[PDB]
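Participant: Each protein sequence line maps, in turn, to chains A and B. End of the first sequence = 3567 in UniProt numbering, gap-free, step of one. End of the second sequence = 3567 in UniProt numbering, gap-free, step of one. If you scroll down you'll find the structure; I have some questions about it.
There are 2 protein chains.
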Amino acid sequence: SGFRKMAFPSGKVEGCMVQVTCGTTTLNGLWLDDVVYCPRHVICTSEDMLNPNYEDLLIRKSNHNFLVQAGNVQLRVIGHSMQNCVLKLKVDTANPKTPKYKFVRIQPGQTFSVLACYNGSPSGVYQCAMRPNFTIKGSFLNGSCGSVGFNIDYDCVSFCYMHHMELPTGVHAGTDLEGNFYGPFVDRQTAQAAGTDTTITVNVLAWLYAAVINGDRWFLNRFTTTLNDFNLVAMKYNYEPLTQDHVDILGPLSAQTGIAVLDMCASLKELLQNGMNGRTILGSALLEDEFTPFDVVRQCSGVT
Amino acid sequence: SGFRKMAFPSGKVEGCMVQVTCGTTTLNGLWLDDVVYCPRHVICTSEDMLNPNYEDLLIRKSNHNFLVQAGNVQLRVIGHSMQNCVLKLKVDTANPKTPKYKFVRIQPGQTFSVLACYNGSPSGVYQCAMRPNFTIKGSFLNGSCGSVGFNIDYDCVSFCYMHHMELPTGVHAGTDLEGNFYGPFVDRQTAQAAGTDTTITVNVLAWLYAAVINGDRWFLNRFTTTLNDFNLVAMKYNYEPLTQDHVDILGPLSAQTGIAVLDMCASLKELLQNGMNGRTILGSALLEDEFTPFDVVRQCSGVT
Ligand SMILES: O=C(Cc1cccc(Cl)c1)Nc1cncc2cnccc12
Ligand SMILES: O=C(Cc1cccc(Cl)c1)Nc1cncc2cnccc12
């Protein structure tokens, strides 16, 4: 029992982290096979970050201008290319610690672990979610760019995020490993609108099932609702609309607890309309939305 | 910016996890140098867990009865001994992945990362604290015994916890790496009193400084207090008494924000007396106590 914001073990990702320096800018890179992936803003100075022409800036750079260090040893750069907002530096050596991996573009509401890094060295690991507004609420300081987000299935690391930017609001924006930003963000030092951040309804329901599984049941009520009645409440409280696809994914948790998904929706409706009245659920005084149904099952079953 | 419940990167610990089986019981072990450390209840069946005489039970066991598997390869056991509540299995091979390490017994209020494991395989990592009542609020299922808690300083892993037991209340009890339980717990299937769990006052103040550093300042007030006035409030709200030792450790955070420690205490006093009024601090609707002053500085500075 017990329920925690749990990250995947980060070892497989630690073995891929390297330091990339170009000119006077240093950030993190991801070494997989003979390629190092990093944010393309590594070629920028603070001056051209205002309005950068990345193609024109990259023309002034050669393979020898990209310094890639793995621990204390230097990697020889034999190629460089730009794919969207990432640079791919071909090195002459394959990373001996390259795990089985895939590049995946996650959907909003999905969760992932982040290995925050500075100077190619890992500092910590935390769990977070891609927000409906395509930002992440991370914890990142200057030098953290190039830190990656990932999920792990048995021995395979699915890289889903690369950190690039912090918005003036203190929230984070980044790309998938093909260099495509999540959301409307551009890699420019210009104020950018994040957008309304709604609550991930299916994840709150998954966490409510996690609460029942671990003993917290005070919020269970004698009511039920329908998808349309529930969604009227969800709209009012800036929660994502719940669909039959969401109900279907909550099936295993509904079967584990014997609580029909619409009955759990009625519990959520009452919690939204009445608040928690000073009570807690899984050590939290608010409704948690950064655990997916898969996360709850994985944590409550022990998948390694 | 951003503040997260961040764990240390777990790679150094993953390389030490092994599976230990004795009879029909399988749990995790920690392989460092040529020794495998595991909870001594690995020698028990469910029947003798009611009242085990570990010395008499260990007499029926030989080196060949302890099956130690590292990944898919078997370790040869050449020695076994019991130290308090842990078994030390001497193996014929030193772990090639043994990091620089120390065994430390942490104080209540201190935090650490946990690498939850099942069958010698890591499933996830989370941050937690040794509670004032010497329990930890972990997330552990059957088979998680032998999973360890740790801190990392540059390249050195300080192992501080080994998981042994879940109390009927769903909270967790374990030992240091010398096999001494934290708190009054015994390794027996008997109901055991955890004790009153108070809030780690110095950690809540550290998290309030973390909130100011990251922009959340609504709770800052025009008041101050004294240690004795504050402690009257702390006693009333089941918070640990604050001492000058606690004020001294909050020095760097007080210097970073320009907020005197007793002024921050007055903010905490008002939050305790008035609640949060439906507001949040660092994405939380309650006062967080599982970040030490060291954790806040480390996260807000980027120590790798
Ligand atoms: O945001 C940037 C630099 C930047 C500026 C404009 C566009 C782009 Cl793509 C990147 N770096 C940081 C990332 N995360 C967190 C930080 C915290 N403090 C300072 C800097 C941080
Ligand atoms: O508590 C025990 C077994 C046990 C019983 C009495 C004494 C001692 Cl030292 C150990 N194992 C578990 C640990 N953590 C979490 C669990 C969750 N579910 C089942 C079992 C768990």
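Every residue, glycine too, gets a C-beta built ideally from N, C-alpha and C.
What separation, rounded to the nearest whole angstrom, lies between the Cα atoms of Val3388/B and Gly3274/A?
Facilitator: As the crow flies, the alpha-carbon of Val3388/B is around 11 Å from that of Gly3274/A.
Participant: Quick check: is any heavy atom of ligand 2 less than 7 Å from the C-beta of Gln3519/A?
Facilitator: no
Participant: Could you name the residues of the region 3535-3556 of chain B whose beta carbon sits closer than 9 Å to any beta carbon of chain A, in the order they occur along the chain?
Facilitator: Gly3538, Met3539, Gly3541, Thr3543, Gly3546, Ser3547, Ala3548 and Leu3549
Participant: Can you grab the Cα-Cα spacing for the pair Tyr3381/B / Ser3309/A, in whole Å?
Facilitator: 47 Å
Participant: From the DSSP output, which residues share a beta bridge with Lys3324/B?
Facilitator: In DSSP, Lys3324/B forms no bridge with anything.
Participant: Using a C-beta to C-beta distance shorter than 7 Å, which residues of chain B count as neighbours of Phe3266/A?
Facilitator: Within 7 Å Cβ-Cβ: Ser3402.
Participant: Using 8 Å as the threshold, is the C-beta distance between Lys3532/A and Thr3488/A below it?
Facilitator: yes
Participant: Output yes if chain B places a C-beta closer than 8 Å to the C-beta of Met3527/A; else output no.
Facilitator: no
Participant: I think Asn3314/B touches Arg3451/B, with their Cβ atoms under 8 Å apart; what is that distance to the nearest whole Å?
Facilitator: 7 Å
Participant: Do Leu3350/B and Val3305/B have their C-beta atoms closer together than 8 Å?
Facilitator: yes
Participant: I need the boundaries of the alpha helix (DSSP H) containing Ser3564/A, first residue and last residue.
Facilitator: Looking at the DSSP string, the run of the alpha helix (DSSP H) that includes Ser3564/A is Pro3556 to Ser3564.
Participant: Kindly indicate which residue of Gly3458/B, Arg3485/B and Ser3407/B has the alpha-carbon position closest to the one of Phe3397/B.
Facilitator: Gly3458/B
Participant: Using only alpha-carbon positions, find the residue among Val3465/B, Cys3408/B and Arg3323/B that is nearest to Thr3288/B.
Facilitator: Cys3408/B
Participant: Could you tell me the distance, in whole angstroms, from the CA atom of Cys3528/B to the CA atom of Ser3547/A?
Facilitator: 23 Å
Participant: Going along the region 3356-3379 of chain B in order, which residues come within less than 9 Å of chain A, judged by CB to CB distance?
Facilitator: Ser3376, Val3377, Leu3378 and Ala3379
Participant: So is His3327/B buried or exposed if we call it buried at 16+ other beta carbons inside 10 Å?
Facilitator: By the neighbour-count criterion, in which 16 or more other beta carbons inside 10 Å mark a residue as buried, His3327/B falls on the exposed side.
Participant: Since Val3510/B is in the alpha helix (DSSP H), which residue starts that stretch and which ends it?
Facilitator: Element bounds for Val3510/B: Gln3507 to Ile3512.
Participant: Restricting to Cα atoms, I'd like to know which of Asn3347/A, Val3283/A, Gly3401/A and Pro3371/A is closest to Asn3335/A.
Facilitator: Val3283/A
Participant: So what does DSSP say about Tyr3317/B, is it helix, strand or coil?
Facilitator: helix
Participant: State yes or no: is the beta carbon of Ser3421/A nearer than 8 Å to at least one beta carbon in chain B?
Facilitator: no
Participant: In whole angstroms, give me the CA-to-CA distance for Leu3430/A and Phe3403/A.
Facilitator: One C-alpha to the other measures close to 11 Å.
Participant: Under 7 Å from any heavy atom of ligand 2, does the C-beta of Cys3301/B make it?
Facilitator: no
Participant: Compare the C-beta of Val3411/B against all C-beta atoms of chain A and say whether one is closer than 8 Å.
Facilitator: no
Participant: Can you tell me which residues fall inside 7 Å of ligand 1, judged by beta-carbon distance to its nearest heavy atom, and keep chain order?
Facilitator: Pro3302/A, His3304/A, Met3312/A, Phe3403/A, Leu3404/A, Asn3405/A, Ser3407/A, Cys3408/A, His3426/A, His3427/A, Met3428/A, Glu3429/A, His3435/A, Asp3450/A, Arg3451/A, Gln3452/A and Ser3264/B
Participant: So with CB distances below 9 Å, who are the chain A contacts of residue 3243/B?
Facilitator: Because chain B spans 3264 through 3567 in this model, residue 3243/B falls outside it and cannot be assessed.
Participant: Can you tell me which residues form a DSSP beta bridge with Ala3270/B?
Facilitator: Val3388/A
Participant: In the DSSP assignment, what residue or residues form a beta bridge with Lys3353/A?
Facilitator: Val3298/A and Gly3342/A
Participant: Opposite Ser3407/A in the DSSP bridges: which residues?
Facilitator: Answer is none; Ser3407/A lacks a bridge partner.
Participant: Going along the region 3382-3396 of chain B in order, which residues come within less than 9 Å of chain A, judged by CB to CB distance?
Facilitator: Per Cβ criterion, the list reads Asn3382, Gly3383, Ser3384, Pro3385, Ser3386, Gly3387, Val3388, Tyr3389, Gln3390 and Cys3391.
Participant: Under 8 Å, Cβ to Cβ, is there at least one residue of chain B near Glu3533/A?
Facilitator: Interface criterion not met: the Cβ of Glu3533/A is under 8 Å from no Cβ in chain B.
Participant: Given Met3345/B, which residues of its chain have a CB within under 7 Å of its CB, disregarding the five upstream and five downstream residues?
Facilitator: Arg3303, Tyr3317 and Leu3321
Participant: Does the separation of the CB atoms of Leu3505/B and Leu3490/B fall below 8 Å?
Facilitator: Taking a C-beta distance under 8 Å as the contact criterion, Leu3505/B and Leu3490/B qualify as a contact pair.
Participant: In the structure shown, what three-state DSSP assignment does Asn3494/A receive?
Facilitator: Annotated three-state conformation of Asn3494/A is helix, per DSSP.
Participant: Name the residue from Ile3522/A, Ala3473/A, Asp3492/A and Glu3503/A whose alpha carbon lies nearest to the alpha carbon of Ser3564/A.
Facilitator: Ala3473/A
Participant: Measuring CA to CA, which of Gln3507/A, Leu3378/A and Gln3455/A is closest to residue 3577/B?
Facilitator: One cannot answer for residue 3577/B here, as it falls past the ends of chain B, which runs 3264 to 3567.
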